[PDB]
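First up is the structure itself, then whatever we jot down about it.
In what follows, residues are counted from 1 in the order of the sequence shown. Both ligands and their constituent atoms are indexed starting at 1 by order of listing.
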Amino acid sequence: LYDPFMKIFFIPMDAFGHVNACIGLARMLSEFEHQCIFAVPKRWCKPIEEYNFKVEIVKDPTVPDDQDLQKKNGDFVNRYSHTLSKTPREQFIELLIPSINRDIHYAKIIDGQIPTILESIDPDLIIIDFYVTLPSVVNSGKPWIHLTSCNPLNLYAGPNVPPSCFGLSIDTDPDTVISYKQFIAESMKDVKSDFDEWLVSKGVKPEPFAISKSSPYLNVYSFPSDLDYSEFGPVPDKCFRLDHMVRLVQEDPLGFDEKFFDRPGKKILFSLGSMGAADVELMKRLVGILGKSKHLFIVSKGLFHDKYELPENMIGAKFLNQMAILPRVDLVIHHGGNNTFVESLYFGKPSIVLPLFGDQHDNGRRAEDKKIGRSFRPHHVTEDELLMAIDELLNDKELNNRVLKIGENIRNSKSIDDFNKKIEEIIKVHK
Ligand SMILES: O=c1ccn([C@@H]2O[C@H](COP(=O)(O)OP(=O)(O)O)[C@@H](O)[C@H]2O)c(=O)[nH]1
Ligand SMILES: OC[C@H]1O[C@@H](O)[C@H](O)[C@@H](O)[C@@H]1O
Ligand SMILES: OC[C@H]1O[C@@H](O)[C@H](O)[C@@H](O)[C@@H]1O
């Protein structure tokens with residue numbers, strides 16, 4: 001009252017992989033003194049408030065106000081556990097379509113609430129991390145940025161480029177690319193038809209193939225320069241690469257006594273993400289193999305942690321302080337989740353990738369193609385392949401030096417500075 005900031009409105013899908021990439025970008029933008037506000041359901045309000053971001057609650061009467069954060073996706077993964085071992089084409093129909101039906105339900109539920117919040121907050125910029133189009137954002141008249149927190153293969157979508165979600169070779173011939181595009185379009189025809197009718201009901205022009213509209217302003221993604229798909233040309237039109245969106249801040253308990261770190265031996269973080277460990281039978285299988293390893297494991301045990309025991313070379317908990325753990329381990333065993341994958345590299349750690357579904361398969365392929373890890377299907381991987389791959393990566397000086405240099409390049413990237421200049425040029429013209 002007696003004395004170039006902006007108000008930034010973040011709309012993430014209600015899951016860790018979207019929320020944690022938005023918190024990571026918000027932390028980076030708050031260093032420039034921007035005010036970041038989050039539109040999230042009630043169960044996510046106090047957890048996001050612990051990072052000193054303002055929260056605008058959106059109603060979702062299909063999920064209780066006080067539900068555990070891991071129950072929604074955990075229950076879903078348990079309900080579809082039989083699909084996790086199937087080929088990527090069986091998964092697309094039996095799992096990814098059921099999964100995107102829940103994204104579409106949530107989009108419809110929140111979309112009608114966003115216009116009132118936009119009128120009240122009057123943000124300068126909207127940032128959305130969603131897998132489907134939001135009409136309230138398209139129609140807001142405000143500049144908006146689409147945030148890609150998953151592997152970025154989908155952004156390269158174009159003639160002769162393999163579609164995402166199948167772990168396809170970057171060498172895939174145009175005949176195979178079309179075969180997969182036709183499989184996707186036939187598989188999605190009913191879901192897309194219903195979703196396009198909803199877009200039309202709100203005055204938005206559907207996409208021919210996609211059900212996620214690109215921002216006409218800017219599209220920001222999280223992927224290391226050293227890993228990016230330069231095989232398919234430069235950074236795509238109206239896209240912007242950040243090497244990472246690692247929050248760094250994590251105010252959650254460690255999950256276990258820190259005295260485990262005093263135990264002598266190589267340390268391995270074994271996390272299948274925020275929902276992968278909900279396949280109890282897979283976790284009991286992988287824990288039985290790793291119990292034969294001479295190394296020490298910290299395990300992200302997930303929603304059903306009370307249904308299974310870890311052997312004595314291991315410690316774990318339902319949910320861990322992964323920001324606290326990563327710098328203190330030697331190797332990560334993960335599912336190829338794009339946050340976990342990039343967090344592992346930020347800290348300069350090699351990885352064993354066990355993809356469950358979707359974009360994980362593309363990070364499985366990428367770990368092998370860029371020689372920064374080893375990839376296997378978790379349900380079929382043999383005892384010998386998994387234990388020998390752990391020793392191989394721990395003792396491979398050339399691959400460890402490779403991932404250390406990638407870690408340094410990620411941590412020392414100044415791309416957020418160029419991002420900040422772009423969003424300022426966009427806000428100046430559009431209000
Ligand atoms: O024990 C855990 C398990 C997960 N995470 C975080 O939850 C997010 C999971 O997202 P990701 O894309 O890695 O996998 P998803 O859970 O989305 O499949 C990541 O940011 C992890 O850092 C964590 O902090 N502690
Ligand atoms: O939850 C949405 C998605 O987040 C992404 O960052 C991960 O790659 C996927 O494992 C996950 O399905
Ligand atoms: O490729 C874009 C996204 O499509 C979704 O249907 C999948 O569940 C995600 O894993 C993927 O990242």
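Between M275 and ligand 1, no N or O atom pair is found at a separation short of 3.5 Å.
Ligand 1 lies nowhere less than 4.0 angstrom from a heavy atom belonging to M323. Contact analysis leaves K318 out of contact with ligand 1, as no non-hydrogen atom separation drops below 4.0 angstrom. Within the 4.0 Å heavy-atom cutoff, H334 does not count among the residues contacting ligand 1.
The protein heavy-atom contact nearest to atom 2 (C) of ligand 3 is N154 ND2, 3.9 Å. Nearest protein heavy-atom neighbour of atom 7 (C) of ligand 2: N338 N, 3.5 Å. If you check which protein heavy atom lies closest to atom 6 (O) of ligand 3, you get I100 CD1, 3.8 Å. With respect to atom 9 (C) of ligand 2, the closest heavy atom belonging to the protein is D359 OD1, 3.3 Å.
Comparing heavy-atom distances from atom 21 (C) of ligand 1 across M245, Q322, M13 singles out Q322 as nearest. In the candidate list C165, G358, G337, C165 is nearest to atom 11 (C) of ligand 3, counting heavy atoms. In this structure, of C150, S212, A210, the residue bringing a heavy atom nearest to atom 12 (O) of ligand 3 is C150.
Proximity of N338 to ligand 1, defined as any heavy-atom pair under 4.0 Å, is confined to the backbone N, CA, C and O atoms. Residue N20 touches ligand 1 through its side chain alone, judged by heavy-atom distances below 4.0 Å.
Under the 6.0 Å cut-off for aromatic ring centres, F38 and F53 qualify, their centroids lying closer than that. Here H146 and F130 keep their ring centres 6.0 angstrom or further from each other. The six-membered or imidazole ring of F261 lies near that of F256, with a centre-to-centre distance under 6.0 Å.
Close contacts between ligand 1 and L320 involve ligand atoms 1 (O), 2 (C), 23 (C), 24 (O), 25 (N) [criterion: under 4.0 Å to a heavy atom]. Residue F16 approaches ligand 1 through these ligand atoms, each under 4.0 Å from one of its heavy atoms: 7 (O), 8 (C).
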